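So the structure is just underneath, and the comments pick up after that.
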Amino acid sequence: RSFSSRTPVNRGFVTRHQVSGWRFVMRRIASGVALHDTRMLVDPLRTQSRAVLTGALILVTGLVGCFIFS
Amino acid sequence: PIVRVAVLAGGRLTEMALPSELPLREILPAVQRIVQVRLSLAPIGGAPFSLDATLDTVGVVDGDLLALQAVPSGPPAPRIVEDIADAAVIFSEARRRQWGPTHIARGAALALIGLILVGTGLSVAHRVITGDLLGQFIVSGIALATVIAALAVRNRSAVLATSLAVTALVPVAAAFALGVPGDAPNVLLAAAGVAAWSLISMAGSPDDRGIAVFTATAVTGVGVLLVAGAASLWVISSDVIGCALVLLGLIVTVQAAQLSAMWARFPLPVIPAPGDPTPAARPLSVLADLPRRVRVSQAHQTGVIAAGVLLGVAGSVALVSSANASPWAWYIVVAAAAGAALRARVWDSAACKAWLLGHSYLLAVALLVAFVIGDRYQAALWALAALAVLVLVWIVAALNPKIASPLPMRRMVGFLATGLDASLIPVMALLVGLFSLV
Amino acid sequence: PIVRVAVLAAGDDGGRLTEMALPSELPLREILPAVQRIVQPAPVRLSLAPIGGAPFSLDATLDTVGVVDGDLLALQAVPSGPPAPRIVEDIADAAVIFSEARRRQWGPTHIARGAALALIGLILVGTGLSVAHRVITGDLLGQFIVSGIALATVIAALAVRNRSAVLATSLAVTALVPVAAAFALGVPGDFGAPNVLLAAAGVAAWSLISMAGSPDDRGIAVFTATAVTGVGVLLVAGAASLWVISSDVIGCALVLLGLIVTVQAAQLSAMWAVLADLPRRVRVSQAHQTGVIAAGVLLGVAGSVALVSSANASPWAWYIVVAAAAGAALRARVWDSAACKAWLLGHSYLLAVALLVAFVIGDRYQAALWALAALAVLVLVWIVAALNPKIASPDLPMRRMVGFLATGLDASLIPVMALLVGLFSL
Amino acid sequence: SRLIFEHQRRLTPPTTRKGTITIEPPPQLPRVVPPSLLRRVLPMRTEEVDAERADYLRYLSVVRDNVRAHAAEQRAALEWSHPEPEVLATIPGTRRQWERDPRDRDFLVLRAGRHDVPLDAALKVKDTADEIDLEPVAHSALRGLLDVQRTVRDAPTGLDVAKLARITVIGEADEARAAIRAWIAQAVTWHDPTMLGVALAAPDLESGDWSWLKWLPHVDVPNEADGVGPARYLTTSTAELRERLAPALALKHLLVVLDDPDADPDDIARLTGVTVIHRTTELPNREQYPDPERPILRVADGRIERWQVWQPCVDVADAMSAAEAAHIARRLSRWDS
Amino acid sequence: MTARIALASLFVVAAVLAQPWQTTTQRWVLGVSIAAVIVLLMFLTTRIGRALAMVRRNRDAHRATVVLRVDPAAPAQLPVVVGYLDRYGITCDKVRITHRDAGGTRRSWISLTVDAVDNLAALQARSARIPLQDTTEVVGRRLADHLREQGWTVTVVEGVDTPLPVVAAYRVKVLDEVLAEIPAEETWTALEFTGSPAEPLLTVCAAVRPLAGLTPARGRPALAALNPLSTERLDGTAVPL
């Protein structure tokens, strides 16, 4: 059918899984010293940070949209 | 019928084997001969025996610790006892010591803190108001003496050390501000001095006392440095300093716990590769230090939130307080204040919630003192009225514990709390004129 | 070779205190069954302990660890068992578990402290704003807003008296800043002579109103201190406003009032207030003593500033400020408590600080550096007295010499008061 | 004479749930793709695998709490049945002195220190994946769980003297006798004189070092008088001790401790309970596969290192002094049973 | 005596600034200053105040005492009674040994005074109320048991005696010759130890119904404090033994 990731028994480069898992751990620690629950059903810190990031995105979008209206 | 006991006589107890059912008038000379006035065998803390009663009459069993002592002069001394009921105030009369030498140390420490504060204030007023180079020399001398005092006593006291290091950053921040002549471009060096001294004294610290006063001054000094750098080199108005300061407060208030857990130096995750990692486990020497690092993380988080509030009021008082600025500034001020009040529904420590809910109070007080120091005296009464509404909405939530007890309503409150900091930075683009420059 | 002690066994119901004759020169594991036989039935392994200290380990006898014949020994436990620290390796669970020593619940009891602190801050900053409006412009809204919020905080500190008694006393304490600002801005003129009389009268009247209607302690020392201070400034401004011109007899009059109410503090505090509720009355009388001594220090600093603030200061005044400072510092040895000693020792510190403030405000900047030098000398002798402990067994006839110096130096400034005010040269 | 003892039934100890605690295996590293850039410009992502990671770490926190409850229950049972050797001076007067009946799971086991016992629960994770890669954080967290919570921390430990039949102790002569006195006091406090006995052989014994064994009711034989006390077993030679020990060995246990490093160690055997605790001079070289019986325990400064090949086996030992064991044995001479 | 040094220095500095002694304005003040410095010099005005207070006299429950009548008194029982100034956490303020030589039979009393302010919270543990008298009787019973044990006999009494007629209560300067020599038909002698029995400090008063080194007491409280049931301090400064 398919081939799952298998390694039999007998350098350094960050994969996508290591980066995503590191960011999940760093969003579990920072939701452990802030919310004092590590269940991570919801996480409001990511909501605040993505709110500020979409604010910067709306700034960049309006700036480019005024650059084509210039 | 033999009872073997230990008889105390220089207090070396021997081991004897007395006969039980004989009167003590014949046992006592042999005991005085073996071990060493009418002497008699008494139990410890008791009366001596009747000298003609046998040992299996009084009730001596194998293993008692008798003692040779003289018979008293007739009374039994019946060992009175007074029942007491509140003994915890006796021990509390022993911990509550008198004047002693442990009060002179606290008095001299408080007197030294008062010396450094008064010597900063007078010798700043001797340079700001009028005077020659004599004024700033005292500030620099007090600053360098207090730095070497707070760095020399870190191993002897560690409580007077952190107190001298907290007190040290008012003559440090005053020594570099009016040290260089000129004017402002002088808050760059003062912000650098208070940030550098707050980062030096955060190195050799215990678990607490690297609390909010150090990392809040560090993040506040770094933010004021990164804002005043854009004013020292370029030329920007008050509508850029306030925007950059409020934006910096929003940035390091939102990204506060990530920055805390990065700055706490936790035992970093050992997330492995999909190849052949087989990584070593965390040893038990670094796992037992963890309840110290959690407290350091909590103190750093409280300080980062407090520095974000101090920066978000430090530029909020520079956007609109000059003279009748644009209503985009009067929106950004209320937007940062209501945002820092809405973030208090997120956190769970009490000091972070207090510093976030006190941002509106600090904003009203700072706008009041900036309307007074700017000589307006008409919007100052309105800032006092806004402070009155703030104290009223504190009181209504306090004495009536139904309003302060939190399913679509909370979702709408969260939607407002995300809409405010989503719409802040576009209004920051409207305000400075960065849309109009393109 | 026995010693007679009395052991205390407060474990069962209240406690038992029993005198006994324990044999010295015998290790304590041999005589603790005797104590546990006498005092307990008339288990962690219990040991004798001095009250206010570590328990005696059972290796040492009563002689080698030093109990004087007649001591009071408690029956404590062996000092601790070996504690087991919790150990977790998931750092998020270590952040939620090891930070539970935080009392981190918000609750409806942090909002009460926040609301009380917010109300106190609002009262203080409204007073500050409207005074700063009044003392730099000319308006009838300064008196209006101050007399509004002062009446508001008096009514809101009298009517909450039988509801909290912690917000009531603290609100009445912070209410005498707007009362002091509301009474001092009536009949404006050019700030006058009797504006300080009206302010001191209002402060003393409100302090006596709130002290005679006070339930208990925690807020008697501040009210007694500001009451005696207000009555003293009232009795000086009564001469400075009604009697004569009072050029600089105000300073000697205030230092005389401070000296009288400091050396006679016991008689004033006795004048202030079958086995009774004496644990309350002792605390009340001690608070009254601390208040009267604090008022003496404050009146001494006030007159000591009013003498030598201005230029061409007479050298009798510069003697008498130092003599009052050294007398009030040498009166620390006669008072038993800690706060009275602290006020009498810090009178000189408060004098140096207030003289520095009075030289900055008076726009001199030439003797304010000398005020900083005197403050540096005072904190230097504080640091020298704190570093190596010299308690007052030295420093038996030398204590009599210090007592003679303190009797003379408290008496040497009484003729200099009459010499400075021109009473002798009439 | 003496007092009397009656066999009051034992108090109920906190029951240990030594069963099997199974953990579900970690997920099998689901493969996400790079986000296919038109999907990145449009507004199994990382959100699905992060929600699955959070579900597995919630389950792992639940089973970590259950394992910590198992460990606290086991340490409560071990601290109830092996107290620190200052608590056992309040024991021998109470109703909990002669308690260890031979049907118990802790009978004739003698406390010796405080080290990491291996948590008798199973802690078995069920896997059938033939070398499949697992999810990296969800496998790293279980790999951190299965070695930190797998062992209890410092907990009261015991020499199982029911099945040792000899003990060899090496060390300095007044810090090894502290350990011998400590676990022989643990032996003489808990078990009745109809269950164990204590003998001794020493050349300089009546000198405050081993004299505290006068008062014990265990050291007596049945039916001798000897003047002062019945027989006391406190002899000086070694074969002469065995001549005194003739009817007692031929099941009442014994702890026939021998103190002299010379003079024929283990002359009694080579039995079935005569655990002759002998102390010697120096360590062997390549001693022949150190048995589950007859071991060799060097008493260090604070550790009791078992001779294995130094595998210290006890992190912090307990050291009862001379007068402390004198107070133990003097408060115990009243009761006979 | 700071107020009298103050007024004496006031009159002396009034004399010193009165140098031009002319037309009797700066001569009357010189005469007043040399006539008022001799009445303030301070050991004479206290005699006038005590005489006026005697003319005024001619027109508690915070300190509780226990008394014990010891018949065969001795100096060797003075240690076990002087240790009760601070022992068993009760800190009695004063310990008084009073002999009465009325006739020939010397009657000896022992008085212990427990305060309630000096050991306020040492009594607040006994009950929610303060049992002052109930613990002063406990200290009295403990001293009675201790003194009856060591050989003497002691009995608690409550109606003790009359030290003054309802006569001459001198004070001594602190010793053994005066206490063995101090006539009339009734003589009283009282030693009073106070202050931390590692180094106690005593006063001694003595009444009769000047011998060698006595001092008469002008102006009575010193008689009314001399009964063993007094809660007072036998006024006069104390020497360190």
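Identifiers in this document derive from the order of the structure tokens: chains are assigned A, B, ..., residues are numbered from 1 separately in each chain, and ligands are numbered from 1 in order of occurrence.
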
Exercise for review: Write out as a count of residues only which residues come within 9 Å of range 308-310 of chain C when counting only C-alpha atoms, dropping same-chain ones fewer than 6 positions away.
Suggested key: 8

Review point. Could you pull the residues within 9 Å of residue 162 in chain D, counting only C-alpha atoms, minus those fewer than 2 positions along the same chain, as a PyMOL selection string?
Key: chain D and resi 107-109+159-160+164-165+253+272-273+275

Review point. When the cut-off is 8 Å and we count only C-alpha atoms, which residues of chain C are near chain A, given as a ChimeraX atom specification?
Key: /C:91-93,95-96

Keeping only C-alpha atoms, take the residues you just selected and write them out as an mmCIF file, in the first residue's frame.
```cif
data_model
loop_
_atom_site.group_PDB
_atom_site.id
_atom_site.type_symbol
_atom_site.label_atom_id
_atom_site.label_comp_id
_atom_site.auth_asym_id
_atom_site.auth_seq_id
_atom_site.Cartn_x
_atom_site.Cartn_y
_atom_site.Cartn_z
ATOM 1 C CA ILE C 91 8.965 20.883 31.856
ATOM 2 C CA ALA C 92 5.393 22.011 31.190
ATOM 3 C CA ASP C 93 4.158 19.796 34.012
ATOM 4 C CA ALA C 95 5.811 24.641 35.326
ATOM 5 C CA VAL C 96 2.239 23.892 36.360
#
```

Check your understanding: Near residue 99 in chain E, counting only C-alpha atoms, which residues have an atom at most 6 Å away, once you skip same-chain residues fewer than 2 positions from it, shown as a PyMOL selection string?
Key -> chain E and resi 107-108+188-189

N, CA, C and O atoms of the current selection, written as a PDB file, in the first residue's frame:
```pdb
ATOM      1  N   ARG E 107       9.740  37.230 113.533  1.00  0.00           N
ATOM      2  CA  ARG E 107       8.856  36.622 112.545  1.00  0.00           C
ATOM      3  C   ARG E 107       9.310  37.014 111.146  1.00  0.00           C
ATOM      4  O   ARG E 107       9.483  38.198 110.857  1.00  0.00           O
ATOM      5  N   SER E 108       9.488  36.028 110.274  1.00  0.00           N
ATOM      6  CA  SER E 108      10.032  36.274 108.947  1.00  0.00           C
ATOM      7  C   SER E 108       9.019  35.925 107.868  1.00  0.00           C
ATOM      8  O   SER E 108       8.399  34.859 107.903  1.00  0.00           O
ATOM      9  N   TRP E 188      11.273  46.470 112.135  1.00  0.00           N
ATOM     10  CA  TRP E 188      11.013  45.837 110.853  1.00  0.00           C
ATOM     11  C   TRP E 188      12.220  46.013 109.950  1.00  0.00           C
ATOM     12  O   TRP E 188      12.815  47.089 109.906  1.00  0.00           O
ATOM     13  N   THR E 189      12.557  44.963 109.211  1.00  0.00           N
ATOM     14  CA  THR E 189      13.662  44.999 108.269  1.00  0.00           C
ATOM     15  C   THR E 189      13.227  44.304 106.990  1.00  0.00           C
ATOM     16  O   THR E 189      12.676  43.207 107.041  1.00  0.00           O
TER      17      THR E 189
END
```

**Study point:** chain A residues near chain B (9 Å cut-off, only C-alpha atoms) as an MDAnalysis selection string
**Key:** chainID A and resid 5:7 9 12:15 17:18 21:22 25:27 29:36 44:56 58:59 62:63 66:67 70

Practice item. Give as a VMD selection string every residue of chain E that touches chain C within 10 Å, counting only C-alpha atoms. Key: chain E and resid 1 to 15 17 to 18 61 to 62 83 to 84 86 to 90 116 to 117 120 to 121 124 to 133 142 198

Please report, as CSV, each residue of chain B lying at most 7 Å from chain D, together with the nearest pair of atoms and the separation in Å rounded to one decimal; use only C-alpha atoms, and order rows by chain and ascending residue number.
```
residue,atom,partner,partner_atom,distance
B:1,CA,D:1,CA,6.4
B:2,CA,D:1,CA,6.2
B:3,CA,D:1,CA,5.4
B:17,CA,D:228,CA,6.3
B:61,CA,D:2,CA,5.6
B:62,CA,D:334,CA,5.3
B:63,CA,D:330,CA,5.0
B:271,CA,D:137,CA,5.6
B:272,CA,D:136,CA,5.9
B:274,CA,D:133,CA,6.5
B:281,CA,D:144,CA,6.7
```

Check your understanding: Out of B:157, B:186, B:130, B:217, which residue has the shortest atom-to-atom distance to chain C when counting only C-alpha atoms?
Key ->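 Smallest separation from chain C among the options: B:130.
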
Practice item. Please report, as a PyMOL selection string, each residue of range 44-240 of chain D to which DSSP assigns helix (DSSP H, G or I) when run on this structure's backbone. Key: chain D and resi 46-81+87-89+136-148+161-163+177-190+211-214+239-240

Practice item. With a distance cut-off of 9 Å and only C-alpha atoms, select the neighbouring residues of residue 184 in chain E, excluding the residue or stretch itself and same-chain residues fewer than 2 positions from it, and output the selection as an NGL selection string. Key: :E and (102-103 or 186-187 or 208-209)

Practice item. Using DSSP on the backbone coordinates, identify all residues within range 8-254 of chain B classified as strand (DSSP E or B); present the result as JSON, numbers by chain. Key: {"B": [8, 16, 17, 18, 19, 23, 39, 40, 41, 42, 43, 54, 65, 66, 67, 68, 69, 70, 81, 82, 83, 84]}

Exercise for review: Write out as JSON, numbers by chain the residues lying within 6 Å of range 6-13 of chain B, counting only C-alpha atoms and excluding same-chain residues fewer than 5 positions away.
Suggested key: {"B": [65, 66, 67, 68], "C": [25, 26]}

Those selected residues, please, written with C-alpha atoms and delivered as an mmCIF file, in the first residue's frame.
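Writing the result to out16.cif gives the following:
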```cif
data_model
loop_
_atom_site.group_PDB
_atom_site.id
_atom_site.type_symbol
_atom_site.label_atom_id
_atom_site.label_comp_id
_atom_site.auth_asym_id
_atom_site.auth_seq_id
_atom_site.Cartn_x
_atom_site.Cartn_y
_atom_site.Cartn_z
ATOM 1 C CA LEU B 65 17.046 3.866 85.181
ATOM 2 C CA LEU B 66 17.340 4.514 88.889
ATOM 3 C CA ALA B 67 19.475 7.272 90.372
ATOM 4 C CA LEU B 68 21.184 7.475 93.750
ATOM 5 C CA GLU C 25 25.267 15.161 83.316
ATOM 6 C CA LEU C 26 23.078 12.474 81.712
#
```

Exercise for review: Write out as an MDAnalysis selection string each polymer residue whose atoms come within 10 Å of range 212-214 of chain E, counting only C-alpha atoms; drop sequence neighbours fewer than 5 positions from it.
Suggested key: chainID E and resid 170:175 177:178 181:182 205:206

What does the file look like for those residues with C-alpha atoms, as a short mmCIF file (atom, residue, chain, number, x, y, z; two decimals), in the first residue's frame?
```cif
data_model
loop_
_atom_site.label_atom_id
_atom_site.label_comp_id
_atom_site.auth_asym_id
_atom_site.auth_seq_id
_atom_site.Cartn_x
_atom_site.Cartn_y
_atom_site.Cartn_z
CA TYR E 170 14.40 54.74 107.76
CA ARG E 171 16.30 53.43 104.76
CA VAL E 172 19.80 52.02 105.02
CA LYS E 173 22.73 52.52 102.65
CA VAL E 174 23.86 49.13 101.36
CA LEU E 175 25.06 45.89 105.52
CA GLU E 177 26.14 45.18 110.96
CA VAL E 178 23.11 47.40 110.34
CA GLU E 181 21.79 46.08 114.97
CA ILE E 182 18.45 47.47 113.77
CA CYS E 205 14.33 49.50 104.30
CA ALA E 206 13.93 49.37 108.08
#
```

Point to revise | Exercise: residue 135 in chain E partners within 10 Å, only C-alpha atoms, chain neighbours under 5 positions left out, as JSON, numbers by chain | key: {"B": [82], "E": [64, 66, 90, 114, 123, 126, 130, 140, 141]}
